[PDB]
Each structure stands twice: as C-alpha cells, then as structure tokens.
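This is model.pdb. It holds PDB, C-alpha atoms.
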ATOM      1  CA  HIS K  56     -19.388 -25.400  30.574
ATOM      2  CA  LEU K  57     -18.183 -21.796  30.120
ATOM      3  CA  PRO K  58     -21.296 -19.633  30.632
ATOM      4  CA  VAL K  59     -21.300 -17.985  27.185
ATOM      5  CA  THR K  60     -21.347 -20.259  24.137
ATOM      6  CA  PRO K  61     -19.394 -19.051  21.095
ATOM      7  CA  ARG K  62     -21.060 -18.226  17.785
ATOM      8  CA  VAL K  63     -18.406 -18.258  15.085
ATOM      9  CA  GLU K  64     -18.143 -16.903  11.579
ATOM     10  CA  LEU K  65     -14.991 -17.901   9.708
ATOM     11  CA  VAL K  66     -13.594 -16.155   6.641
ATOM     12  CA  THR K  67     -10.343 -16.414   4.685
ATOM     13  CA  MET K  68      -8.485 -14.014   2.361
ATOM     14  CA  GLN K  69      -5.448 -14.939   0.221
ATOM     15  CA  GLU K  70      -2.901 -12.011   0.360
ATOM     16  CA  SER K  71      -2.695  -9.069   2.759
ATOM     17  CA  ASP K  72      -3.555  -5.477   2.117
ATOM     18  CA  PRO K  73      -4.500  -2.482   4.199
ATOM     19  CA  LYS K  74      -7.591  -1.996   2.020
ATOM     20  CA  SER K  75      -8.558  -5.642   1.799
ATOM     21  CA  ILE K  76      -8.205  -6.284   5.512
ATOM     22  CA  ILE K  77      -9.871  -3.044   6.619
ATOM     23  CA  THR K  78     -12.744  -3.485   4.180
ATOM     24  CA  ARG K  79     -13.307  -7.132   5.050
ATOM     25  CA  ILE K  80     -13.149  -6.754   8.819
ATOM     26  CA  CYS K  81     -15.591  -3.834   8.663
ATOM     27  CA  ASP K  82     -17.677  -5.894   6.220
ATOM     28  CA  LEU K  83     -17.907  -8.740   8.710
ATOM     29  CA  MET K  84     -18.815  -6.129  11.285
ATOM     30  CA  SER K  85     -21.951  -5.044   9.374
ATOM     31  CA  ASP K  86     -24.887  -5.371  11.744
ATOM     32  CA  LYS K  87     -23.338  -8.727  12.799
ATOM     33  CA  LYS K  88     -22.073  -7.040  15.979
ATOM     34  CA  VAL K  89     -19.094  -9.299  16.610
ATOM     35  CA  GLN K  90     -17.430  -8.748  19.994
ATOM     36  CA  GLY K  91     -14.061 -10.300  19.144
ATOM     37  CA  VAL K  92     -11.616 -11.094  16.345
ATOM     38  CA  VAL K  93      -8.659 -13.440  15.878
ATOM     39  CA  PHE K  94      -6.267 -12.927  12.976
ATOM     40  CA  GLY K  95      -3.811 -15.391  11.503
ATOM     41  CA  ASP K  96      -1.517 -15.349   8.523
ATOM     42  CA  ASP K  97       0.930 -17.372   6.454
ATOM     43  CA  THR K  98       2.800 -14.128   5.891
ATOM     44  CA  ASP K  99       6.183 -12.884   7.084
ATOM     45  CA  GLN K 100       4.926  -9.288   7.095
ATOM     46  CA  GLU K 101       5.715  -7.048  10.069
ATOM     47  CA  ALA K 102       3.113  -4.372   9.336
ATOM     48  CA  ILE K 103      -0.065  -6.382   9.570
ATOM     49  CA  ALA K 104      -0.376  -6.347  13.338
ATOM     50  CA  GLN K 105      -0.320  -2.587  13.498
ATOM     51  CA  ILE K 106      -3.053  -2.353  10.904
ATOM     52  CA  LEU K 107      -5.437  -4.585  12.731
ATOM     53  CA  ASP K 108      -4.461  -2.765  15.925
ATOM     54  CA  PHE K 109      -5.492   0.465  14.285
ATOM     55  CA  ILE K 110      -8.932  -1.016  13.622
TER      56      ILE K 110
ATOM     57  CA  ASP E  23       6.373  11.400 -24.708
ATOM     58  CA  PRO E  24       4.798  12.939 -21.654
ATOM     59  CA  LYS E  25       4.455  10.956 -18.461
ATOM     60  CA  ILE E  26       1.785  11.876 -16.015
ATOM     61  CA  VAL E  27       3.073  11.725 -12.461
ATOM     62  CA  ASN E  28       0.277  11.893  -9.948
ATOM     63  CA  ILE E  29       0.269  13.628  -6.617
ATOM     64  CA  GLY E  30      -2.430  13.333  -4.001
ATOM     65  CA  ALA E  31      -3.772  15.259  -1.075
ATOM     66  CA  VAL E  32      -6.420  15.573   1.580
ATOM     67  CA  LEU E  33      -7.585  19.093   2.197
ATOM     68  CA  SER E  34     -10.277  21.011   4.058
ATOM     69  CA  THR E  35     -12.467  22.256   1.191
ATOM     70  CA  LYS E  36     -12.981  21.994  -2.590
ATOM     71  CA  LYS E  37     -11.757  25.583  -2.992
ATOM     72  CA  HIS E  38      -8.432  24.513  -1.485
ATOM     73  CA  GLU E  39      -8.444  21.539  -3.846
ATOM     74  CA  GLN E  40      -8.693  24.019  -6.715
ATOM     75  CA  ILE E  41      -5.815  25.952  -5.134
ATOM     76  CA  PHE E  42      -3.837  22.705  -5.032
ATOM     77  CA  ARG E  43      -4.468  21.875  -8.691
ATOM     78  CA  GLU E  44      -3.594  25.467  -9.627
ATOM     79  CA  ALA E  45      -0.249  25.273  -7.812
ATOM     80  CA  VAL E  46       0.456  21.928  -9.468
ATOM     81  CA  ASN E  47      -0.232  23.429 -12.893
ATOM     82  CA  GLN E  48       2.126  26.284 -12.035
ATOM     83  CA  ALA E  49       4.726  23.601 -11.309
ATOM     84  CA  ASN E  50       4.075  21.898 -14.670
ATOM     85  CA  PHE E  51       4.202  25.113 -16.674
ATOM     86  CA  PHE E  52       7.439  26.283 -15.132
ATOM     87  CA  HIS E  53       9.376  23.033 -15.474
ATOM     88  CA  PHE E  54       9.920  20.774 -18.488
ATOM     89  CA  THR E  55       6.602  19.354 -19.693
ATOM     90  CA  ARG E  56       8.309  17.507 -22.538
ATOM     91  CA  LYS E  57      10.174  15.164 -20.223
ATOM     92  CA  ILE E  58       7.592  14.905 -17.404
ATOM     93  CA  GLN E  59       4.204  16.253 -16.310
ATOM     94  CA  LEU E  60       2.564  16.496 -12.874
ATOM     95  CA  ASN E  61      -1.076  15.639 -12.218
ATOM     96  CA  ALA E  62      -3.125  16.523  -9.150
ATOM     97  CA  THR E  63      -5.587  14.470  -7.127
ATOM     98  CA  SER E  64      -7.227  15.400  -3.836
ATOM     99  CA  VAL E  65     -10.093  14.688  -1.462
ATOM    100  CA  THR E  66     -11.945  16.438   1.385
ATOM    101  CA  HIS E  67     -11.452  15.239   4.946
ATOM    102  CA  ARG E  68     -13.741  12.314   5.891
ATOM    103  CA  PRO E  69     -15.662  12.011   9.188
ATOM    104  CA  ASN E  70     -13.734   9.039  10.586
ATOM    105  CA  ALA E  71     -10.143   7.853  10.178
ATOM    106  CA  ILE E  72     -11.338   4.760   8.330
ATOM    107  CA  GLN E  73     -13.254   6.406   5.467
ATOM    108  CA  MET E  74     -10.158   8.471   4.849
ATOM    109  CA  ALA E  75      -7.686   5.555   4.949
ATOM    110  CA  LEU E  76      -9.996   3.724   2.590
ATOM    111  CA  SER E  77      -9.956   6.898   0.500
ATOM    112  CA  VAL E  78      -6.162   6.830   0.350
ATOM    113  CA  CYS E  79      -5.999   3.191  -0.657
ATOM    114  CA  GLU E  80      -8.898   3.529  -3.135
ATOM    115  CA  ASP E  81      -9.321   7.138  -4.266
ATOM    116  CA  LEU E  82      -5.660   8.218  -4.115
ATOM    117  CA  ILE E  83      -3.251   5.277  -4.397
ATOM    118  CA  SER E  84      -5.242   3.898  -7.355
ATOM    119  CA  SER E  85      -3.954   7.016  -9.088
ATOM    120  CA  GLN E  86      -0.381   5.990  -8.253
ATOM    121  CA  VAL E  87       0.468   9.050  -6.130
ATOM    122  CA  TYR E  88       4.192   9.732  -5.629
ATOM    123  CA  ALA E  89       3.381  11.671  -2.491
ATOM    124  CA  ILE E  90       0.498  12.909  -0.439
ATOM    125  CA  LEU E  91      -0.251  16.222   1.209
ATOM    126  CA  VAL E  92      -2.461  16.504   4.301
ATOM    127  CA  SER E  93      -4.097  19.310   6.270
ATOM    128  CA  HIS E  94      -6.003  19.604   9.561
ATOM    129  CA  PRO E  95      -9.817  19.429   9.100
ATOM    130  CA  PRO E  96     -12.200  22.397   9.669
ATOM    131  CA  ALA E  97     -13.368  21.031  13.024
TER     132      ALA E  97
ATOM    133  CA  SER U 276      10.953 -18.180  17.600
ATOM    134  CA  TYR U 277       7.636 -19.843  18.479
ATOM    135  CA  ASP U 278       7.424 -23.530  17.491
ATOM    136  CA  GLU U 279       5.000 -24.854  14.856
ATOM    137  CA  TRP U 280       5.647 -28.485  15.869
ATOM    138  CA  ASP U 281       4.636 -28.274  19.532
ATOM    139  CA  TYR U 282       1.190 -27.015  18.718
ATOM    140  CA  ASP U 283      -0.269 -26.570  15.244
ATOM    141  CA  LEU U 284      -2.015 -23.371  14.142
ATOM    142  CA  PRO U 285      -5.553 -24.632  14.779
ATOM    143  CA  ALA U 286      -4.578 -25.478  18.373
ATOM    144  CA  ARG U 287      -3.300 -21.903  18.706
ATOM    145  CA  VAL U 288      -6.561 -20.539  17.269
ATOM    146  CA  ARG U 289      -8.363 -22.678  19.831
ATOM    147  CA  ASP U 290      -6.265 -20.905  22.436
ATOM    148  CA  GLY U 291      -7.401 -17.539  21.079
ATOM    149  CA  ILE U 292     -11.077 -18.448  21.048
ATOM    150  CA  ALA U 293     -10.705 -19.840  24.541
ATOM    151  CA  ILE U 294      -9.176 -16.572  25.712
ATOM    152  CA  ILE U 295     -11.977 -14.487  24.240
ATOM    153  CA  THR U 296     -14.749 -16.666  25.684
ATOM    154  CA  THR U 297     -12.990 -17.019  29.047
ATOM    155  CA  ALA U 298     -12.688 -13.249  29.284
ATOM    156  CA  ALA U 299     -16.372 -13.129  28.398
ATOM    157  CA  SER U 300     -17.180 -15.682  31.128
ATOM    158  CA  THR U 301     -15.156 -13.877  33.812
ATOM    159  CA  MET U 302     -16.609 -10.495  32.843
ATOM    160  CA  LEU U 303     -20.000 -12.174  33.003
ATOM    161  CA  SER U 304     -19.281 -13.583  36.474
ATOM    162  CA  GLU U 305     -18.274 -10.116  37.652
ATOM    163  CA  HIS U 306     -21.122  -8.034  36.154
ATOM    164  CA  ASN U 307     -23.593 -10.648  34.775
ATOM    165  CA  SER U 308     -23.494  -8.529  31.619
ATOM    166  CA  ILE U 309     -23.410  -9.431  27.938
ATOM    167  CA  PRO U 310     -20.132  -8.320  26.271
ATOM    168  CA  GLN U 311     -21.877  -8.239  22.884
ATOM    169  CA  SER U 312     -21.643  -4.909  21.086
ATOM    170  CA  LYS U 313     -22.493  -3.376  17.706
ATOM    171  CA  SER U 314     -19.572  -4.001  15.388
ATOM    172  CA  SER U 315     -20.028  -1.425  12.638
ATOM    173  CA  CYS U 316     -16.943   0.764  12.197
ATOM    174  CA  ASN U 317     -18.370   3.314   9.736
ATOM    175  CA  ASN U 318     -20.738   4.864  12.278
ATOM    176  CA  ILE U 319     -19.735   6.112  15.732
ATOM    177  CA  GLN U 320     -18.641   3.387  18.163
ATOM    178  CA  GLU U 321     -21.667   1.809  19.843
ATOM    179  CA  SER U 322     -22.704   3.101  23.242
ATOM    180  CA  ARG U 323     -21.508   1.286  26.377
ATOM    181  CA  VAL U 324     -18.619   0.021  24.270
ATOM    182  CA  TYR U 325     -16.765   2.850  26.047
ATOM    183  CA  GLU U 326     -17.479   0.697  29.120
ATOM    184  CA  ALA U 327     -15.374  -2.050  27.443
ATOM    185  CA  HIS U 328     -12.114  -0.948  29.106
ATOM    186  CA  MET U 329     -12.665  -3.316  32.052
ATOM    187  CA  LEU U 330     -12.723  -6.208  29.552
TER     188      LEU U 330
END
This structure in structure tokens:
Amino acid sequence: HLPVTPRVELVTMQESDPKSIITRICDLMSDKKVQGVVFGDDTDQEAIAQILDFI
Amino acid sequence: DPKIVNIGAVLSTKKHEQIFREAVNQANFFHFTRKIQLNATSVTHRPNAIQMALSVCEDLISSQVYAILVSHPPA
Amino acid sequence: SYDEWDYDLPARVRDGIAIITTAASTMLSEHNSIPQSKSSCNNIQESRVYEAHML
C-alpha cells in the first residue's frame, strides 16, 4: 500500500575491508542511482559503522 | 641482508614527491643500510576524499607503508 | 545486548527496508517528490541531493 514500491538489489561480501566495502558500495552506485543502503554483518568489528558513515 | 621498509605520503606536487624521495635517501645514506633500508612511496592529492582513501588502501598500503605523511592540497 | 532470538536478522532487515520506504512515502506525502537520486560517488554529489536534508 505504501505509495513507493521498493526495487531491490542484493549483494554479499565475505570479510570486511575499507577498500572492499568502499569499492563495492560505489560499484553498486554506478549509474544505478540507489537512494538507500542497509548494511549487515556477521562481524564483531567496531570500525565498520564509521566507514560506511564516511561514505 | 637488506630489508626494504616502505614509507608513504600524499603531497601537493610531483616535485615535492621528488623532495620526499630525496630526503628518504638522505635518511638511508646516513644510517645503517646493512641492517635496514628505507623506501619511499607517494601520491598527489586526489579530487575527492574517496579516490584518495582508495589510493591509500591500494596505491600505498599495498606497499606495506610503516607510516604515512600528508599535506594540504594546492586548492 | 540486542537479542537474536526475538527477531531474526531477516526480520531486522525487513525493518530497515520498511524504514527507508516509509520515509520515502512520508516525504512523498509532504512534497509529492521522488527521493531517487544519482548514486555515483566518484563525481560530485548529484544536484538536489543537497535538498536531501529534510529526508
């Protein structure tokens, strides 16, 4: 019922890196023009949030 | 045996990169080269933050830098 | 800590998607305007993305 319907592209990556994450998220950006991102991890790592925040 | 210990930097211009490498070589010459050697790597400032961070992870850290130097860009 | 048992990770992701699309729906209701924006990081941020603050 919500006025906008979601179009979703899902991708997974195995282990976290500043380079891997930055590259991939920008890569998904492409011309694609995504207006939102949700991130999730199996990891215990503190740092990750800040990185995505930087993006 | 020598061991090459990399250093890395981001600087305003290629001339300053040459200055960097020169200073590094002065450091190598004047301290024991038998035990250890220092190697220099550097890159010009990139237009966004992201190209540069990618540069650090790719262009610099792939060289195993023990430290990085940074300078304010021309503009 | 947050509990895994109460709600599993996909339920949580559903919450995230729901938040993004609900924000999109409310922003729509207010300005009748598409939130969609050019995603590419490498170039300058797309115009009218500066407008995004209200989101």
Interface list for chain E, partner chain U, 9 Å threshold, only C-alpha atoms, as an MDAnalysis selection string
chainID E and resid 70 72:73
Selection export as a PDB file, in the coordinates of the input, atoms kept: C-alpha atoms:
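Final file, out_3.pdb:
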ATOM      1  CA  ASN E  70     -13.734   9.039  10.586  1.00  0.00           C
ATOM      2  CA  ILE E  72     -11.338   4.760   8.330  1.00  0.00           C
ATOM      3  CA  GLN E  73     -13.254   6.406   5.467  1.00  0.00           C
TER       4      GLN E  73
END
Please identify all polymer residues lying at most 12 Å from the point (-17.4, -14.6, 32.5) (file coordinates), using all atoms listed in the file, and present the result as a list in words.
residues 56, 57, 58, 59 and 60 of chain K; 293, 294, 295, 296, 297, 298, 299, 300, 301, 302, 303, 304, 305, 306, 307, 308, 309, 310 and 330 of chain U
Please write as an mmCIF file with C-alpha atoms, keeping the file's coordinate frame the full residue list that the PyMOL selection byres ((chain E) within 12 of (chain K)) yields on this file.
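Heads up, here's the output in selection04.cif:
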data_model
loop_
_atom_site.group_PDB
_atom_site.id
_atom_site.type_symbol
_atom_site.label_atom_id
_atom_site.label_comp_id
_atom_site.auth_asym_id
_atom_site.auth_seq_id
_atom_site.Cartn_x
_atom_site.Cartn_y
_atom_site.Cartn_z
ATOM 1 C CA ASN E 70 -13.734 9.039 10.586
ATOM 2 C CA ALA E 71 -10.143 7.853 10.178
ATOM 3 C CA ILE E 72 -11.338 4.760 8.330
ATOM 4 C CA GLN E 73 -13.254 6.406 5.467
ATOM 5 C CA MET E 74 -10.158 8.471 4.849
ATOM 6 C CA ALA E 75 -7.686 5.555 4.949
ATOM 7 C CA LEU E 76 -9.996 3.724 2.590
ATOM 8 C CA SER E 77 -9.956 6.898 0.500
ATOM 9 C CA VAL E 78 -6.162 6.830 0.350
ATOM 10 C CA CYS E 79 -5.999 3.191 -0.657
ATOM 11 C CA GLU E 80 -8.898 3.529 -3.135
ATOM 12 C CA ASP E 81 -9.321 7.138 -4.266
ATOM 13 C CA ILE E 83 -3.251 5.277 -4.397
ATOM 14 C CA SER E 84 -5.242 3.898 -7.355
#
Identify all chain K residues at most 9 Å from chain U by counting all atoms listed in the file; ligands do not count. Present them as an MDAnalysis selection string.
chainID K and resid 57:61 81:95 110
In Å, with one decimal, what is the gap from atom CA of residue E:66 to atom CA of residue E:30?
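Atom CA of residue E:30 lies at a distance of 11.4 Å from atom CA of residue E:66.
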I would like the residues chosen by the PyMOL selection byres ((chain E and resi 42) around 12) on the shown file; could you give them as a ChimeraX atom specification?
/E:29-41,43-49,60-65,90-93
Quick one: which residues end up in the PyMOL selection byres ((chain E and resi 57) around 10) for this structure, as a ChimeraX atom specification?
/E:23-26,53-56,58-59
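Between atom CA of residue K:80 and atom CA of residue E:87 the interatomic distance comes to 25.7 Å.
The space between atom CA of residue E:82 and atom CA of residue E:28 spans 9.1 Å.
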